[PDB]
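I have placed the structure first, in the form of structure tokens, so that the comments after it can refer back to it.
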Amino acid sequence: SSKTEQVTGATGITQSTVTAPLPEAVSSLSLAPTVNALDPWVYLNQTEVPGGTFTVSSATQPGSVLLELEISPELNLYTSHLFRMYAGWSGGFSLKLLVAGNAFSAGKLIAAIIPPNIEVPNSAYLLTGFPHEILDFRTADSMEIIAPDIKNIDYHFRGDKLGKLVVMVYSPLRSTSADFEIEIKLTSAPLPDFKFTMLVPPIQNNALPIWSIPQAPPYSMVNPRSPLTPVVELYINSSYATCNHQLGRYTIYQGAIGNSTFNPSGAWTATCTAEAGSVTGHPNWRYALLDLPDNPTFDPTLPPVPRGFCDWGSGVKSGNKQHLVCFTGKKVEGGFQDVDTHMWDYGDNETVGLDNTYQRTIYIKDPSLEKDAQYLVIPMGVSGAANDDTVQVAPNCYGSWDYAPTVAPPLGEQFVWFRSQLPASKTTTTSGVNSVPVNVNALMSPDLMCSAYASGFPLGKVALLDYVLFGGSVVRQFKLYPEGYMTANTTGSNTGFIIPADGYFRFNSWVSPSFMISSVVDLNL
Amino acid sequence: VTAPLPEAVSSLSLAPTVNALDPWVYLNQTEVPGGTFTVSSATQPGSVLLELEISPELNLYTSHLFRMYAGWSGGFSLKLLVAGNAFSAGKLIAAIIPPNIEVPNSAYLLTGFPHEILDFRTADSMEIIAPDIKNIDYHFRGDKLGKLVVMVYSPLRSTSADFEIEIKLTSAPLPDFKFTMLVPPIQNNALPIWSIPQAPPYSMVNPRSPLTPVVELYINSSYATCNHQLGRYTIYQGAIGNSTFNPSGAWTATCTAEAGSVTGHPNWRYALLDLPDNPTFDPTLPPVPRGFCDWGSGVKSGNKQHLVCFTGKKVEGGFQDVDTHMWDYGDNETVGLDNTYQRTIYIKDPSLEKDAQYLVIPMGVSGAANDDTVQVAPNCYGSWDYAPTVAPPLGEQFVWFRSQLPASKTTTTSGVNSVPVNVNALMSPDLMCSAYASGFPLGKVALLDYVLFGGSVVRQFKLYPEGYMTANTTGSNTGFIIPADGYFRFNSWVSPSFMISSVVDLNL
Amino acid sequence: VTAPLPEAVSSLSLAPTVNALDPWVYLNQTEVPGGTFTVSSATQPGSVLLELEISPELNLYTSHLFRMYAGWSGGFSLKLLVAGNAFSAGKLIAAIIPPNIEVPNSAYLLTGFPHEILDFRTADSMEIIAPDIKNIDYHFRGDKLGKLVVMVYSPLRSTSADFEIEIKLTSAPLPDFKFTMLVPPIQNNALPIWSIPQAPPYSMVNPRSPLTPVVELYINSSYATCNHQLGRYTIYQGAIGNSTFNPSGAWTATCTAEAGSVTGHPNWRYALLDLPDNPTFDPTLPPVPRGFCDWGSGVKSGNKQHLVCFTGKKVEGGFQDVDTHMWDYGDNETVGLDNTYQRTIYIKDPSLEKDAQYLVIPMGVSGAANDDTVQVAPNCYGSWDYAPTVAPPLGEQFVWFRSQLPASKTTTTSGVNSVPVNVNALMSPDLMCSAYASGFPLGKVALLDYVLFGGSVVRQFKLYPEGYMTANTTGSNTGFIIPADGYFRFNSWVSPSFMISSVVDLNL
């Protein structure tokens with residue numbers, strides 16, 4: 001059906017259509033042990049879909065996929081909430097597009113329905129082979145699509161493959177103004193034939209339509225990489241700072257990926273079996289070896305380092321020019337007789353010819369080191385190193401090791417880093433070492449991620465959330481990926497930008513990984 | 001709905017078997033392969049925007065089914081999708097032309113055929129019937145068919161900012177369409193979809209320098225024409241002058257000629273290039289070996305830029321000397337002719353016997369301008385089957401496969417010093433070997449990405465059946481660079497006049 | 001009877017639009033893609049000769065149609081054609097296996113399934129009905145289906161003369177066969193027919209001697225095993241080892257001198273090859289530049305055979321002085337290690353500096369070779385994904401490319417000379433770009449007709465998905481030559497263990 005209206009002033013019209021490019025199959029539910037009805041008011045409540053919205057500009061090419069949504073109870077808030085109580089479901093959905101159009105100049109949209117186990121093409125030409133509808137920007141207000149439930153079974157259990165709706169640009173947008181854009185918004189509600197089947201206790205790990213984040217300012221989150229210095233600032237660096245293998249790597253697949261843990265307090269202490277021998281070059285250095293509790297010394301599959309023991313990094317050409325710092329002490333009955341400051345390398349002096357690695361082979365400036373003795377390691381900071389670049393060195397998984405992979409931000413976006421400051425251990429000694437002030441940056445801390453590790457994440461959607469700080473009102477929108485990096489869209493120069501650390505994170509909506517943020521952080525300073 | 005010509009329905013009574021179609025193939029929103037074109041203020045009246053034969057190639061599904069069949073009968077229903085605007089004016093004309101009648105090249109004459117005038121203001125959902133005109137019961141392959149022709153009747157004008165109008169065409173067969181005589185699907189009727197394997201340009205060969213890998217693509221506004229012979233291919237072969245599918249083996253040749261020299265230098269010995277086949281030097285086959293470099297232009301001797309190569313005296317298939325030597329391509333100066341392929345080569349070495357055979361391996365130039373000079377290849381005679389000079393359509397620029405040619409040095413004055421340069425190619429045979437089985441529908445061109453790294457940047461160019469790619473994009477700055485880290489992806493078939501909505505700004 | 005399991009009527013109630021077939025597809029019987037195999041007295045008891053699914057890929061017209069649809073439901077009627085004679089004694093069994101049931105290795109147990117026994121002397125065609133066994137309303141891709149299994153019920157005690165029986169399968173869809181929702185015809189599925197752009201083998205690239213063209217195909221006693229990893233290309237994983245699709249620009253690597261700790265028995269200068277894919281330093285990625293020479297010179301001494309290469313000193317703009325030198329290859333029995341992994345190389349040139357990034361371009365071999373030296377490549381040592389060592393089945397023998405390597409001479413300034421040698425590669429790579437476009441069925445290899453003289457087919461080869469070709473032979477010679485002026489066409493799938501009917505007599 002169709003319906004046309006005259007706009008105010010009579011300078012155009014707007015259309016509102018209902019279409020069924022129909023598979024159109026209804027199940028009798030003969031094998032369902034019980035058929036569970038719904039509140040009649042759920043069928044009359046059209047809610048925004050997680051995955052919408054998207055914007056169309058003059059630079060948007062045809063053939064690029066703008067939406068890809070599975071037909072399931074997750075399209076509506078109340079069916080998503082209700083579904084946690086049930087075992088199966090059956091029925092189609094009503095999908096409504098809302099086009100903020102005008103008699104701009106021109107352009108067309110195409111929406112198509114795709115059956116399960118069929119690849120989605122990247123051509124507007126091929127989408128016309130599917131059941132579809134076409135729409136014009138000069139007259140489009142709302143298109144309602146009767147999306148069917150395509151299945152070869154009478155009702156669903158969790159884990160099936162489902163049909164999809166795909167939206168694409170059919171003809172490019174045009175207008176006199178270069179800033180004119182068209183925003184598409186999608187809402188959904190179940191069709192009257194929708195039903196649930198079997199009542200079961202709700203799931204505690206339910207992937208819910210709304211994620212609630214308790215008030216916890218960033219400065220309270222501390223710290224996978226420097227767990228002795230409070231977080232006080234948020235950072236935005238624009239030096240192509242793609243994160244190599246670091247600590248604090250958390251994803252909602254595993255918990256902690258790599259040699260990371262949910263208890264990083266201090267700077268995790270480890271010990272070494274300090275055998276030694278001949279050393280060329282430096283005369284004061286001894287080549288010790290690192291022990292591995294909970295990990296066998298002779299298995300490449302597990303990491304050859306204690307869990308939580310990671311960067312401060314090393315391995316640069318100046319690896320022997322720049323030395324790390326540790327509280328070192330010899331092991332004796334009941335504890336450690338003394339705890340002193342010594343220069344440690346944790347690098348690639350002679351034996352490996354490696355880069356920033358994760359041995360299993362650590363070098364020290366101590367000449368007093370003896371073979372038959374265990375020693376303590378509590379890293380503190382740096383000594384003689386540069387700033388802001390030699391802490392974020394680039395290690396990775398070498399050999400047959402399987403660590404966290406290297407990640408980069410998407411084009412047009414940059415990371416945001418939790419930042420802390422390290423004071424300098426300045427000392428006047430006949431024996432002892434100095435230090436240098438340093439800035440330390442870390443990825444998402446487990447205090448905020450652990451909530452996501454429990455609440456859940458819709459599949460294929462990235463969380464969009466705000467950052468509300470001291471009065472007056474100022475909110476910055478970031479995107480929290482399941483892979484565990486929070487990013488922001490930026491414009492301007494490549495300035496290193498500092499953001500406060502007093503504000504609560506607030507969930508806003510579920511968005512696709514490719515979603516342009518309107519709230520940009522103009523890097524001008 | 002408009003029917004300029006009535007559709008006469010044929011009862012397939014002489015057909016040995018009548019094969020019915022799936023009833024759902026009569027859904028009329030499938031695009032017409034090649035039924036896409038744009039109009040702008042620059043398009044001249046009388047210009048032909050679309051010329052489609054009325055066959056099963058007008059529909060995505062009948063084009064697929066037709067590979068299984070030997071015969072066909074029926075017509076099509078077309079629909080126009082015009083992305084117009086409120087400020088534009090103009091008209092088009094669509095006409096039906098019978099099978100054995102020529103298409104006129106005037107809109108004045110096109111009005112003599114059954115036709116419809118379409119106004120840009122009221123043509124967004126017009127339906128046209130494309131009939132099947134024949135004097136037989138059904139069609140075989142190789143027939144002569146009627147055509148649909150679309151032309152600009154009144155040019156596009158605007159009362160405000162200039163706007164282009166992109167027009168698309170969708171089709172479905174009429175209820176009287178039928179097929180005949182199942183046959184195995186290895187027939188003609190090139191497929192409506194081309195599946196390109198993902199092979200980045202860096203993994204392809206440069207036929208004009210098959211030892212330096214392709215490093216990047218670039219576009220130059222000055223290079224308005226290409227006249228090369230090496231590295232040129234085609235799908236509607238035919239053939240191309242001296243271009244192989246094995247460019248690496250193409251770059252070795254032998255020469256021999258008796259005593260002689262050039263006027264001003266008794267250091268430039270003559271040498272006639274040997275043929276992979278054998279003489280006579282018939283003026284119907286290439287005079288130079290099937291594999292040979294075009295690294296030369298209209299240079300004249302005397303303080304002249306020259307060519308560098310390796311040479312070696314053949315020894316009973318055994319051991320031969322090899323050293324970098326100089327080489328100029330023909331005595332074009334002494335004949336009043338521009339540099340051409342039929343001239344005998346010269347090598348700057350007095351130590352060469354006259355009855356011996358000498359090897360040649362081109363590797364660079366010396367004392368010469370960079371790419372700008374080797375980009376222009378020598379001339380031809382018009383006496384043998386070679387490749388013509390090709391230019392892009394008005395408002396389109398070439399896309400080339402580019403490689404870097406390093407230099408060679410000598411501490412002594414025994415070898416020769418050579419300078420670096422970037423060698424440039426028009427096409428590679430690795431991108432083509434998959435297009436031969438699929439085919440190209442009726443003089444249409446393919447639109448391709450180029451899904452650059454990350455999937456964020458997507459470029460669009462047009463691959464013609466003549467073996468070159470083009471895209472006009474505003475700007476000077478002759479050198480624009482595109483990474484070779486990417487893969488190709490098929491989008492659609494378009495008419496040659498179709499313009500690309502994506503523009504690669506040449507000023508960034 | 002021919003139907004021990006009846007076909008179930010599927011009321012396609014849950015199916016959206018139900019799509020019908022041309023009623024003449026139910027009446028044509030076509031060969032089954034991949035339904036071909038052989039039997040002999042050597043066939044091992046209890047083995048499974050054929051294992052097919054009951055998908056639409058069982059018929060030539062349903063597979064082409066299935067590319068246009070999303071689901072299906074039906075059943076097929078099958079026929080076995082046995083090419084035996086009157087001296088053949090034995091019996092076949094063909095059975096239908098429901099999904100989620102394991103196939104037993106005993107013909108005595110197959111009798112519990114719906115089955116059909118068949119004598120080898122039968123000249124007619126035996127019919128079977130293969131129904132679609134489902135608990136669902138219709139099928140999508142990626143399901144679990146029923147199977148047809150063929151086995152030897154009674155062994156062949158027939159061989160008065162050793163004799164192979166060829167068995168072929170033929171199918172047609174039953175009525176009650178239907179398709180479901182119509183979709184554009186583009187799928188990730190091997191085409192039942194493969195069309196090869198006919199190109200003579202001489203117009204192809206030799207990935208182990210790219211500069212010189214191919215001259216012939218040949219068979220030798222070196223067939224016994226293939227270990228090199230430069231002309232290796234698979235159909236499911238693409239290039240493997242250090243193979244490339246452009247071995248005409250993946251050559252010419254650069255080495256960095258170090259001066260090492262040398263023996264050379266005074267002086268042999270060491271060096272290290274540069275690996276641009278830096279993450280390569282680990283044992284998980286290759287230790288050598290992609291597409292670099294893997295010729296052999298081993299094993300014992302390394303003071304009698306040496307490789308040959310051009311070499312130069314890298315400077316500002318490649319202005320490197322180039323001259324012919326020797327070059328050994330890594331670990332030789334006095335530095336104290338096996339032949340070589342890949343990386344470390346030597347050179348017979350004391351002029352190498354400590355860090356000056358020298359070039360290398362392998363040109364030939366010198367010393368005792370004895371081509372048989374070049375056929376065996378260095379060993380593979382580490383944990384990176386090196387190409388395995390492959391061998392042909394009994395009775396079958398490899399077919400290789402082959403090209404000529406001419407020599408070069410010196411006077412005294414380098415002292416190094418090369419020798420005429422022959423270079424062969426596991427056939428590649430221009431023969432595979434078509435296969436990726438078309439694809440290969442699962443578990444099947446391609447049977448070939450190599451056409452040589454005026455269309456008179458003379459030779460037949462098998463092409464495996466692992467990337468090699470074999471032939472059936474008898475005569476045990478080492479110098480069989482096959483011309484490269486012909487072409488080949490497959491369009492035919494057979495099983496492994498399929499004995500080719502055409503035999504190559506390796507005698508005069």
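Lettering and numbering for the structure tokens are positional, with chains as A, B, ... in the shown order, residues counted from 1 in each chain, and ligands counted from 1 in the shown order.
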
Give as number ranges by chain every residue of chain B that touches chain C within 6 Å, counting only C-alpha atoms.
-> B: 19-20, 22, 203-205, 210-213, 246, 248-249, 318-321, 406-410

First superpose chain B onto chain C using a least-squares fit over all Cα atoms taken in order; then report the RMSD in Å.
-> 2.1 Å

Stretch 84-146 of chain B: which residues are helix (DSSP H, G or I) by DSSP, as a VMD selection string?
-> chain B and resid 107 to 110

Check every residue of chain B for an atom within 10 Å of chain A, counting only C-alpha atoms, and provide those that qualify as a tab-separated table (two decimals) with N, CA, C and O atoms, in the first residue's frame.
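Written out: part_8.tsv:
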chain	number	residue	atom	x	y	z
B	25	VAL	N	10.67	-15.56	-12.28
B	25	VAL	CA	11.60	-14.78	-13.09
B	25	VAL	C	10.91	-13.58	-13.73
B	25	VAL	O	11.58	-12.76	-14.36
B	27	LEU	N	9.67	-11.00	-12.17
B	27	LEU	CA	9.72	-9.87	-11.24
B	27	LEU	C	10.55	-8.76	-11.88
B	27	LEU	O	11.73	-8.96	-12.20
B	28	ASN	N	9.94	-7.59	-12.07
B	28	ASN	CA	10.52	-6.52	-12.90
B	28	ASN	C	11.21	-5.48	-12.03
B	28	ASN	O	10.82	-4.32	-11.96
B	29	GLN	N	12.26	-5.91	-11.33
B	29	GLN	CA	13.16	-4.93	-10.74
B	29	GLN	C	14.60	-5.44	-10.80
B	29	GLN	O	15.41	-5.12	-9.92
B	30	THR	N	14.92	-6.22	-11.82
B	30	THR	CA	16.30	-6.64	-12.04
B	30	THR	C	16.96	-5.67	-13.01
B	30	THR	O	16.39	-5.36	-14.06
B	31	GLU	N	18.15	-5.21	-12.66
B	31	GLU	CA	18.85	-4.25	-13.51
B	31	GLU	C	19.20	-4.89	-14.85
B	31	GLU	O	19.39	-6.10	-14.95
B	32	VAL	N	19.28	-4.05	-15.87
B	32	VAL	CA	19.70	-4.47	-17.20
B	32	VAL	C	21.22	-4.41	-17.24
B	32	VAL	O	21.79	-3.33	-17.04
B	33	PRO	N	21.93	-5.52	-17.48
B	33	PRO	CA	23.39	-5.42	-17.60
B	33	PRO	C	23.81	-4.48	-18.71
B	33	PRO	O	23.53	-4.74	-19.88
B	59	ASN	N	18.27	-9.31	-19.19
B	59	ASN	CA	17.85	-9.65	-17.85
B	59	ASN	C	18.92	-10.52	-17.20
B	59	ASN	O	19.59	-11.30	-17.88
B	60	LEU	N	19.08	-10.35	-15.89
B	60	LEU	CA	20.11	-11.10	-15.18
B	60	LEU	C	19.84	-12.59	-15.18
B	60	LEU	O	20.77	-13.39	-15.28
B	61	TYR	N	18.57	-12.99	-15.07
B	61	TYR	CA	18.23	-14.40	-14.98
B	61	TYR	C	18.10	-15.07	-16.34
B	61	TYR	O	18.52	-16.22	-16.50
B	81	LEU	N	14.50	4.34	-14.40
B	81	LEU	CA	14.76	4.89	-13.07
B	81	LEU	C	15.63	6.13	-13.25
B	81	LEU	O	16.84	6.01	-13.50
B	82	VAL	N	15.04	7.30	-13.10
B	82	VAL	CA	15.71	8.57	-13.37
B	82	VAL	C	15.88	9.29	-12.04
B	82	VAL	O	14.90	9.63	-11.38
B	83	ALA	N	17.13	9.53	-11.65
B	83	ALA	CA	17.43	10.28	-10.44
B	83	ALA	C	17.57	11.76	-10.80
B	83	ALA	O	18.65	12.35	-10.77
B	84	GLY	N	16.44	12.36	-11.13
B	84	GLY	CA	16.39	13.74	-11.57
B	84	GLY	C	16.30	14.71	-10.41
B	84	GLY	O	16.42	14.35	-9.24
B	85	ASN	N	16.07	15.97	-10.75
B	85	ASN	CA	16.00	17.04	-9.77
B	85	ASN	C	15.04	18.11	-10.26
B	85	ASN	O	14.47	18.00	-11.35
B	86	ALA	N	14.86	19.15	-9.45
B	86	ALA	CA	13.83	20.15	-9.70
B	86	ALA	C	14.26	21.27	-10.63
B	86	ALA	O	13.41	22.03	-11.08
B	87	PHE	N	15.55	21.40	-10.93
B	87	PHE	CA	16.06	22.53	-11.69
B	87	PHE	C	16.42	22.19	-13.13
B	87	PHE	O	16.86	23.09	-13.85
B	88	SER	N	16.25	20.95	-13.56
B	88	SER	CA	16.79	20.48	-14.83
B	88	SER	C	15.71	20.40	-15.90
B	88	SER	O	14.53	20.22	-15.61
B	160	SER	N	19.77	26.45	-12.17
B	160	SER	CA	20.56	26.64	-10.96
B	160	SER	C	21.86	25.87	-11.12
B	160	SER	O	22.26	25.54	-12.24
B	161	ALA	N	22.55	25.60	-10.01
B	161	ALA	CA	23.79	24.83	-10.06
B	161	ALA	C	23.64	23.62	-10.97
B	161	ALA	O	22.57	23.01	-11.06
B	162	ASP	N	24.72	23.27	-11.66
B	162	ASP	CA	24.72	22.16	-12.61
B	162	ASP	C	24.62	20.84	-11.87
B	162	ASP	O	25.29	20.63	-10.86
B	163	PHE	N	23.79	19.94	-12.39
B	163	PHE	CA	23.58	18.62	-11.81
B	163	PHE	C	23.61	17.58	-12.92
B	163	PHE	O	23.08	17.81	-14.01
B	164	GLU	N	24.22	16.44	-12.64
B	164	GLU	CA	24.15	15.30	-13.53
B	164	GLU	C	22.92	14.47	-13.19
B	164	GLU	O	22.41	14.50	-12.07
B	165	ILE	N	22.45	13.71	-14.17
B	165	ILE	CA	21.30	12.83	-14.00
B	165	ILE	C	21.75	11.43	-14.37
B	165	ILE	O	22.11	11.17	-15.52
B	166	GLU	N	21.73	10.52	-13.39
B	166	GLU	CA	22.07	9.13	-13.64
B	166	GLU	C	20.80	8.34	-13.87
B	166	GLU	O	19.86	8.40	-13.07
B	167	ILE	N	20.76	7.60	-14.98
B	167	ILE	CA	19.57	6.88	-15.40
B	167	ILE	C	19.89	5.39	-15.47
B	167	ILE	O	20.89	4.99	-16.07
B	168	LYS	N	19.05	4.58	-14.85
B	168	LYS	CA	19.21	3.14	-14.83
B	168	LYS	C	17.97	2.48	-15.40
B	168	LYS	O	16.89	3.07	-15.45
B	170	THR	N	15.70	-1.22	-15.68
B	170	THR	CA	15.39	-2.55	-15.19
B	170	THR	C	14.41	-3.24	-16.13
B	170	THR	O	13.68	-2.59	-16.88
B	192	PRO	N	26.54	-12.74	-16.98
B	192	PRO	CA	26.27	-11.37	-16.51
B	192	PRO	C	27.07	-10.96	-15.29
B	192	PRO	O	27.03	-9.78	-14.92
B	193	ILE	N	27.78	-11.88	-14.64
B	193	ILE	CA	28.59	-11.58	-13.47
B	193	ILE	C	29.99	-12.12	-13.70
B	193	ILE	O	30.16	-13.28	-14.09
B	453	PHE	N	43.39	-0.65	1.16
B	453	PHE	CA	43.61	-1.21	2.49
B	453	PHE	C	42.55	-0.75	3.48
B	453	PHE	O	42.25	0.44	3.58
B	454	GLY	N	41.97	-1.72	4.20
B	454	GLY	CA	41.01	-1.47	5.25
B	454	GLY	C	39.57	-1.50	4.79
B	454	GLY	O	38.67	-1.62	5.62
B	455	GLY	N	39.34	-1.41	3.48
B	455	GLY	CA	37.99	-1.32	2.96
B	455	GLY	C	37.37	0.06	3.04
B	455	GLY	O	36.22	0.22	2.62
B	456	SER	N	38.10	1.05	3.55
B	456	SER	CA	37.55	2.39	3.70
B	456	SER	C	37.64	3.18	2.40
B	456	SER	O	36.67	3.80	1.97
B	457	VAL	N	38.81	3.17	1.77
B	457	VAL	CA	39.02	3.86	0.51
B	457	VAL	C	38.70	2.88	-0.61
B	457	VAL	O	39.30	1.81	-0.70
B	458	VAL	N	37.75	3.25	-1.47
B	458	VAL	CA	37.36	2.43	-2.61
B	458	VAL	C	37.37	3.33	-3.85
B	458	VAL	O	36.60	4.30	-3.93
B	459	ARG	N	38.23	3.01	-4.80
B	459	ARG	CA	38.31	3.74	-6.06
B	459	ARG	C	37.51	3.01	-7.13
B	459	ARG	O	37.16	1.83	-7.00
B	460	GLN	N	37.24	3.72	-8.22
B	460	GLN	CA	36.44	3.17	-9.32
B	460	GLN	C	37.07	3.57	-10.65
B	460	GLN	O	37.27	4.76	-10.91
B	489	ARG	N	37.60	-5.87	-7.73
B	489	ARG	CA	36.26	-6.31	-7.37
B	489	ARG	C	35.28	-5.80	-8.42
B	489	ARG	O	35.27	-4.61	-8.73
B	490	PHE	N	34.48	-6.71	-8.96
B	490	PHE	CA	33.54	-6.36	-10.02
B	490	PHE	C	32.32	-5.66	-9.46
B	490	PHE	O	31.79	-6.05	-8.41
B	491	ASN	N	31.85	-4.63	-10.16
B	491	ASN	CA	30.69	-3.85	-9.75
B	491	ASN	C	29.53	-4.00	-10.72
B	491	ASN	O	28.42	-4.36	-10.30
B	492	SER	N	29.73	-3.72	-12.00
B	492	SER	CA	28.65	-3.78	-12.97
B	492	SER	C	29.21	-3.55	-14.36
B	492	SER	O	30.39	-3.23	-14.53
B	493	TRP	N	28.35	-3.71	-15.36
B	493	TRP	CA	28.64	-3.32	-16.74
B	493	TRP	C	27.93	-2.01	-17.03
B	493	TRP	O	26.76	-1.84	-16.67
B	501	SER	N	30.88	8.61	-10.50
B	501	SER	CA	30.56	9.57	-9.45
B	501	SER	C	31.73	9.82	-8.51
B	501	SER	O	31.78	10.88	-7.87
B	502	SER	N	32.66	8.88	-8.41
B	502	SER	CA	33.85	9.05	-7.59
B	502	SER	C	34.91	9.83	-8.36
B	502	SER	O	35.17	9.54	-9.54
B	503	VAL	N	35.52	10.81	-7.70
B	503	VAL	CA	36.52	11.67	-8.31
B	503	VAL	C	37.78	11.61	-7.46
B	503	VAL	O	37.72	11.83	-6.24

Nearest residue to residue C:476 from the set C:376, C:463, C:156, C:219 (distances using only C-alpha atoms) |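 Distance minimum relative to residue C:476 lands on C:219.
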
Determine, counting only C-alpha atoms, which protein, DNA and RNA residues have an atom within 9 Å of an atom of residue B:130; residues of the same chain fewer than 3 positions away are not included. Present the result as a list in words.
->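 Contacts, with the query itself left out: residues 3, 4, 5, 7, 54, 75, 76, 77, 78, 96, 147 and 148 of chain B.
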
Within 8 Å of stretch 250-260 of chain A, which residues of stretch 373-449 of chain A come that close, and what is the closest atom pair and distance in Å for each? Count only C-alpha atoms and give it as a tab-separated table.
residue	atom	partner	partner_atom	distance
A:402	CA	A:258	CA	7.8
A:403	CA	A:258	CA	4.8
A:404	CA	A:258	CA	5.1
A:444	CA	A:250	CA	7.1
A:445	CA	A:250	CA	7.9
A:446	CA	A:250	CA	7.2
A:449	CA	A:250	CA	7.4

Written selection (N, CA and C atoms) as a PDB file, in the first residue's frame:
ATOM      1  N   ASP A 402      51.738 -17.575  21.044  1.00  0.00           N
ATOM      2  CA  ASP A 402      50.399 -17.109  20.683  1.00  0.00           C
ATOM      3  C   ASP A 402      49.949 -16.096  21.733  1.00  0.00           C
ATOM      4  N   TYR A 403      50.304 -14.834  21.513  1.00  0.00           N
ATOM      5  CA  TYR A 403      49.973 -13.750  22.419  1.00  0.00           C
ATOM      6  C   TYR A 403      48.849 -12.904  21.829  1.00  0.00           C
ATOM      7  N   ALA A 404      48.530 -11.806  22.505  1.00  0.00           N
ATOM      8  CA  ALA A 404      47.573 -10.857  21.965  1.00  0.00           C
ATOM      9  C   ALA A 404      48.117 -10.255  20.671  1.00  0.00           C
ATOM     10  N   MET A 444      42.443  -0.467  28.244  1.00  0.00           N
ATOM     11  CA  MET A 444      41.278  -0.509  29.116  1.00  0.00           C
ATOM     12  C   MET A 444      41.599  -1.313  30.376  1.00  0.00           C
ATOM     13  N   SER A 445      41.264  -0.741  31.552  1.00  0.00           N
ATOM     14  CA  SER A 445      41.547  -1.387  32.828  1.00  0.00           C
ATOM     15  C   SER A 445      40.396  -2.307  33.239  1.00  0.00           C
ATOM     16  N   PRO A 446      40.687  -3.415  33.926  1.00  0.00           N
ATOM     17  CA  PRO A 446      39.642  -4.415  34.183  1.00  0.00           C
ATOM     18  C   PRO A 446      38.483  -3.908  35.026  1.00  0.00           C
ATOM     19  N   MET A 449      36.020  -2.828  32.235  1.00  0.00           N
ATOM     20  CA  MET A 449      35.739  -3.919  31.308  1.00  0.00           C
ATOM     21  C   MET A 449      35.009  -5.071  31.983  1.00  0.00           C
TER      22      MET A 449
END

Could you give me, as a ChimeraX atom specification, the residues within 10 Å of residue A:184, counting only C-alpha atoms and dropping anything in the same chain fewer than 5 positions from it?
-> /A:52-56,66,97-101,141-142,167

Per DSSP on the backbone, what are the strand (DSSP E or B) residues of stretch 65-120 of chain B, as a ChimeraX atom specification?
-> /B:71-73,76-82,88-97,115-119

Take the residues from that selection and put them in a file with C-alpha atoms, as a compact mmCIF listing (two decimals), in the first residue's frame.
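Result went into again37.txt, see below:
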# COMPACT_ATOMS: atom_id res chain seq x y z
CA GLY B 71 16.78 -21.16 -28.88
CA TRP B 72 14.54 -18.40 -27.57
CA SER B 73 11.40 -16.40 -28.38
CA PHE B 76 10.89 -7.70 -22.61
CA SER B 77 9.30 -5.03 -20.43
CA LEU B 78 11.63 -2.19 -19.42
CA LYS B 79 11.34 0.42 -16.68
CA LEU B 80 13.19 3.72 -16.33
CA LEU B 81 14.76 4.89 -13.07
CA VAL B 82 15.71 8.57 -13.37
CA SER B 88 16.79 20.48 -14.83
CA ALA B 89 15.27 20.41 -18.31
CA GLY B 90 15.83 18.26 -21.38
CA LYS B 91 14.53 15.35 -23.42
CA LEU B 92 15.61 11.90 -24.57
CA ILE B 93 14.42 9.73 -27.44
CA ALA B 94 14.11 5.93 -27.38
CA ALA B 95 13.56 4.06 -30.64
CA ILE B 96 13.14 0.48 -31.87
CA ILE B 97 15.16 -0.49 -34.94
CA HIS B 115 9.94 6.08 -30.83
CA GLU B 116 9.04 7.83 -27.58
CA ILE B 117 10.05 11.28 -26.35
CA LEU B 118 10.97 11.32 -22.66
CA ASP B 119 11.07 14.51 -20.61

Test item: residues at most 7 Å from stretch 453-458 of chain A, only C-alpha atoms, excluding those fewer than 2 positions along its chain, as a ChimeraX atom specification | /A:205-208,211,252,255,449-451,460-461
